[PDB]
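1. Let me start by giving you these chains from the complex, positioned as in the assembled structure:
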Amino acid sequence: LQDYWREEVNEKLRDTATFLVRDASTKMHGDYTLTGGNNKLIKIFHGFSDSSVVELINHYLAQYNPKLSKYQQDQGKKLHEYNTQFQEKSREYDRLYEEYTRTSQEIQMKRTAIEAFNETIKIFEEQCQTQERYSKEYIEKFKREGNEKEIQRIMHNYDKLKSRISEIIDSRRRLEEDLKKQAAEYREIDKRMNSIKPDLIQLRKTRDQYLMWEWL
């Protein structure tokens, strides 16, 4: 009834939520095979067809089981122009997936980097305090005992400590706003992939029109 079409029948049934008829794997096994009840295999053997084969297919599925080909003239080189469009569009999809991935690693590198900063910071805050225990236990004297041979230099340590602390919190800050442009850049990369995806699928399908009906 050619006037009706396993691996490639699974492939064409992909992206469908439907039925079609197929030849067997052995001649001696059975005749043909039919493929909404969750897509599964219905052997055409069910001495051939009880209704001459096609009369049973039009007829239909709970009636026996408990758990129950467009020609495409719709709209040579029309492969070459659409397939290079598909591949140059595919090239773009996988262009972004690389950028999508690398950015995601990069981002996660930045937040772990920040956790490092924050802890590093805390060890320097904790330090500037550690002297005020042991330094103003020995600010007891203040003005005498060889004047300020001790007390001038103690300040210099304190002075650097705090200005270093600042440079750390400046570097973290810079990182935090670096992560933001990235987070935004990441969301935007995801965005265009989602706009492409269905167009990329249609080009693969609209290729599949003239795919069956040198260059590539």
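-> Thanks, I have it. Numbers count the residues shown, from 1 in each chain, chains lettered A, B, ... in the order given.

2. rest of the way, CA atoms for contacts and neighbours
-> Noted.

3. Which helix or strand contains residue A:107?
-> helix A:77-134 (DSSP states H and E).

4. centre of the chain versus that helix, how much separation?
-> 14 Å (C-alpha atoms, centre = their mean, to the nearest Å).

5. And chain A, split by domain according to the record?
-> A:1-75, A:76-216 (curated CATH domains).

6. Of those domains, which stretch is the most buried?
-> domain A:76-216 (a mean of 13; mean count of other C-alpha atoms under 10 Å).

7. Could you tell me the end-to-end distance of that domain?
-> End-to-end span of domain A:76-216 (C-alpha to C-alpha, to the nearest Å): 11 Å.

8. my guess is residue A:83 meets residue A:216, correct?
-> Yes. Using C-alpha atoms under 8 Å, residue A:83 is in contact with residue A:216, at 7.2 Å.

9. what angle sits between the helix or strand that comes right after the helix holding residue A:107 and helix A:77-134?
-> Going down the chain from helix A:77-134, the next helix or strand is helix A:151-212, by DSSP H and E. Put simply, helix A:151-212 runs at 160 degrees to helix A:77-134, going by axes from the mean of the first three to the mean of the last three C-alpha atoms, to 10 degrees.

10. Helix A:151-212 - contacts with which helices or strands?
-> In terms of contacts (3 or more C-alpha pairs under 8 Å, 6 or more residues apart in numbering; DSSP states H and E), helix A:151-212 is packed against helix A:77-134.

11. Confirm that residue A:33 sits in a strand.
-> Yes. Judged by DSSP: H, G, I helix; E, B strand; the rest coil, residue A:33 forms part of a strand.

12. Identify the residues contacting it.
-> By C-alpha atoms under 8 Å, 6 or more residues apart in numbering, the contact set of residue A:33 is A:21, A:22, A:23, A:24, A:41, A:42, A:43, A:44.

13. a markdown table please, covering those residues and showing distance to residue A:189.
-> Below are the contacts of residue A:33 laid out as a markdown table (distance: C-alpha to C-alpha, whole Å):
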| residue | distance to residue A:189 |
| --- | --- |
| A:21 | 42 |
| A:22 | 42 |
| A:23 | 45 |
| A:24 | 46 |
| A:41 | 41 |
| A:42 | 44 |
| A:43 | 47 |
| A:44 | 49 |
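
14. can you add chain B next? sequence is:
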Amino acid sequence: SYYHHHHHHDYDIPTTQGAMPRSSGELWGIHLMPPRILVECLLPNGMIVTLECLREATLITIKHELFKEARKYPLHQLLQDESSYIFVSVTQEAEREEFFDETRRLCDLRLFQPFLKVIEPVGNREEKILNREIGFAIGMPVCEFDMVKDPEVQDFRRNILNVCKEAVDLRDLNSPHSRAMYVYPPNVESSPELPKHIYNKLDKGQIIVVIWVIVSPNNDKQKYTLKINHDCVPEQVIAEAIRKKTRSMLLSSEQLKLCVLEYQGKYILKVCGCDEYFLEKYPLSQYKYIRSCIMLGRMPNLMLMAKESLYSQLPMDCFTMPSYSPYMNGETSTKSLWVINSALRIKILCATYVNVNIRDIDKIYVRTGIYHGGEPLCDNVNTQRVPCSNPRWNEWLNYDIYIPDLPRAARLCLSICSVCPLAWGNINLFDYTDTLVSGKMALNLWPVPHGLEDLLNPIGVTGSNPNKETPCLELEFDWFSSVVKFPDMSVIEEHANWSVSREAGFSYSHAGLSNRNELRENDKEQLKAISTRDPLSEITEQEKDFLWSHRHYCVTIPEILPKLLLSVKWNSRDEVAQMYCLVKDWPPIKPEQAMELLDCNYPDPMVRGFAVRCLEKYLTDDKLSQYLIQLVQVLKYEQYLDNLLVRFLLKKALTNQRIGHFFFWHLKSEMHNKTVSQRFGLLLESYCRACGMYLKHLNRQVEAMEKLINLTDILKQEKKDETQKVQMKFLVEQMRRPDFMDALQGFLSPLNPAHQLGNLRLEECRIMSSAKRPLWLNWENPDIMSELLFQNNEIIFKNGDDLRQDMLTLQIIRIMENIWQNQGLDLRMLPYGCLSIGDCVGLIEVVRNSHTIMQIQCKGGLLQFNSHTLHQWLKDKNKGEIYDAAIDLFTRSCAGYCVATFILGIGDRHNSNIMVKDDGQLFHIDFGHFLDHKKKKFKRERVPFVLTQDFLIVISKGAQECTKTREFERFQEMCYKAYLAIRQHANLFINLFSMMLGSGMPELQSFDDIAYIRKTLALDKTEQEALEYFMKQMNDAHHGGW
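-> Time to bring in chain B:
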């Protein structure tokens, strides 16, 4: 005129990297710390003294130099004696790290910011705070687990020590013998008998060995060339060796035998030049080194080592348990699942965000569906709402399955879609404690894979993405005024028997036969027909009902079970309950089938527990280490952390250090991958805590790879766009540094821990020509008898490429080579050693005296390259009686690769893919994409090994019209026998590929990728038709011959 004068305005080349991965270095932001560097040092006093010190300086060195310069700064007296102090700083993994092993150098600390801090050893159990060892070996801090909330993790960590403790006791049962079994397990083939073609090399089964010895002055060695039976065990070989030492005119025959007996058991056999050891009752030729020696035309070089001087080496492992150190509640605190009366409903609410254009997409929706791997009801999409801009729902999806039907391994799967999928996640409907999930959940979603166009993705990882900055998806699970539990095994068996007895007395009529002691004899053959079918041969629903009906008969053909289990309806509580009971006392089967039942088609705990029991009885430690890759991948498919298969493997890895080794690397290689990160970390943690001293050997390997990862990174990022010559100056300058000299010398090859890697012969180390700057490394073999095996071990470290496809084809190649060999057919493949140890990072065993066909042709360069150059080049190595062999070898190796590359469908074979050893063996390297990933652009497949003129000559000796020779007819017959041999073991390969769907390889994303291997072996056709398929397809590709 060329381009009809058309300008491309978009186009510009200032920075376009198609012309001419991507683990931070020794400090944050910089790969290689400057040779002098400035380190702020914080003390108990608040002074931050900024020392310069050397990149490579120890913490001791900086300590005693911060001891002296602290005298020059204020407030000295209150700073204690330095011996009462330790360093600590924040690392790049962002953790405060006390630095105990102060032999460690500044570069080797992974320091983030160049600063130290002094404190005292808080927590005087300092021996314990060498978890650092483990966290370094694992590649994440152990304390990162302690802070995990989820009690499944905390339970796993504590519960899995059962297996640790047990395995360590089993090591020390017959010690110190059994500790040397653990450490040096004997390396022996699976079949004790040899194949015929190996036997024939021996004259009625006798090998010439050579035992060696050493005695005072101790720098002298002594050959003792025996001629004993291949099948005599090492004891006897030690005996005959001692007979010759002593045999004398002054010993009688009787005195001799007494002097034998005493001297026998005090010695054991070791392979010269590497740390293999013959430690049990095994026929000499069952050991792999011997059967290897036979084949190559070599004379075994063993050694008589004293058991004293072996048991000298093996250290006391002494495992210690960490800080993580029938109902007494009257029956039914909880409600059994089978009591509940309702359909399943689940509340979708809100997706915190989705990244989509408001223009380009029309509308979006949460799609859902309940699963067992494949689906038990219609997918329940939710209505469209706030499409592409602030999307929340608040609906209750109603799933047509009544709650007591839900199978144990049942899972919600979900995604968000467009008028194509946006982001996905799955959830186990049952928690690890058997408890049916209730309340609200916060399911962060995973980005869709690349090629995956399917909306829902139920083969993806179950659980929420541990990156909180993703599409969150809040949802509620119906609550039945009580905590619900999966029914106890008692309860299920009861209900089985009821449905069994309720079967017996049903109507004369039942929709005909439908899904139900008639022992039909045509039917009794239709089972065996279906039994033997290949796993991927999809079954018809008629055949399911057929199989399902004679289920009780199927137990006599135990091998049918995979086909039976698929046919069972899992959304029928009744059907499943009987199946569970069959499986309870079903009889065990071959590990090659049991493996099938640990793929994604089989999620059920009962089914999978059976499979573990088949393996527990019938899988040998040889066949385990053969299929170790697939078993590690299959851990992913498990629902929960603690389970039968992890316990099995962890035990076997702790039994056997050669398993343990690759089991550690295989987990470690995928440690970067956040979907397995936790599961595998926790497993890696348990292994490191139990494995004993090997942890310290693994740390040397791990610490080595880091240096090499870091070196190549610098080479690939800065020293790119500089001539090889400057890069080679840089390479060697870097390797001579003392931190490298420490780190890259004196450790075990991870390609084979048997081999030791001594000192780095830098004269031979070099950066290869490839763009990815692979390092050719070369080490002295520090073995005492290195002379007899190899003076120099050289292996390739490659930072660019994803090795794990190669890894798998090399695996499959071996398994072909072994199937052939044992079946009689001798086709010598060379499955060189390759090991993925990280995200596109690994090791590759070199093969000395082998060159690409292209290189051969440049040695025979004089306009046009002659096809005879190969044949001439091969004759120039092999002359005389030799020559006929070198052809045989080439012919045998060519046939093997012809069949294997055809079947697997690996990347097209040109001259720089294919290599020839001086001895005449041909082998393929760099396989690329296995199952034809290069048909996503662009029936009847391809022959990827196309036998040029060049090859045909060599097969047929120096010849004209070379397709008509008998040499070529014999070559053809090898290919026919080989192609059929593999086909008769096709299940194994179908399963082995299926088990690897869990690894994120773009070539194995679903069962329809593994389609190819069915078509190429042509299993749907008969064998004679497949023969003629192969001949057809081999004729097509060479334009005649076949």
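
15. follow-up on the earlier one: check whether the helix holding residue A:107 comes near chain B.
-> Yes. Against chain B, helix A:77-134 shows contacts by C-alpha under 8 Å from any C-alpha of the partner chain at A:87, A:94, A:97, A:102, A:112-113, A:115-117, A:119-120, A:127-132, A:134.

16. Packing partners of that helix?
-> helix A:151-212, strand B:86-90 (3 or more C-alpha pairs under 8 Å, 6 or more residues apart in numbering or on different chains; DSSP states H and E).

17. nearest spatial neighbour of residue B:572, skipping sequence neighbours?
-> Excluding its sequence neighbours, the residue lying closest to residue B:572 (C-alpha to C-alpha, 6 or more residues apart in numbering or on different chains) is residue B:405, at 5.5 Å.

18. How many residues are close by the one you found?
-> 19 (other C-alpha atoms under 10 Å in any protein chain shown).

19. What are the neighbouring residues in contact with it?
-> By C-alpha atoms under 8 Å, 6 or more residues apart in numbering or on different chains, the contact set of residue B:405 is B:338, B:570, B:571, B:572, B:573.

20. now, which of the residues you listed lie within helices?
-> Among those, the members falling in helices (DSSP state H) are residue B:573.

21. Count residues in the vicinity of residue B:360, would you?
-> Residue B:360 has 15 neighbouring residues, counting by other C-alpha under 10 Å.

22. Quick check: which element contains it?
-> Short version: residue B:360 belongs to no helix or strand, going by DSSP H and E.

23. so it makes contact with residue A:196?
-> No. The pair residue B:360 and residue A:196 fails to qualify as a contact (C-alpha under 8 Å) at a distance of 9.0 Å.

24. Most neighbours among the contacts of residue B:405, which one?
-> Most neighbours among the contacts of residue B:405, by other C-alpha under 10 Å: residue B:570, with 24 neighbours.

25. now the closest residue to residue B:1001 other than its chain neighbours, what's its secondary structure?
-> Leaving aside its chain neighbours, residue B:1001 sits nearest to residue B:805 (7.6 Å; criterion: C-alpha to C-alpha, 6+ apart). The three-state label given to residue B:805 by three-state DSSP is helix.
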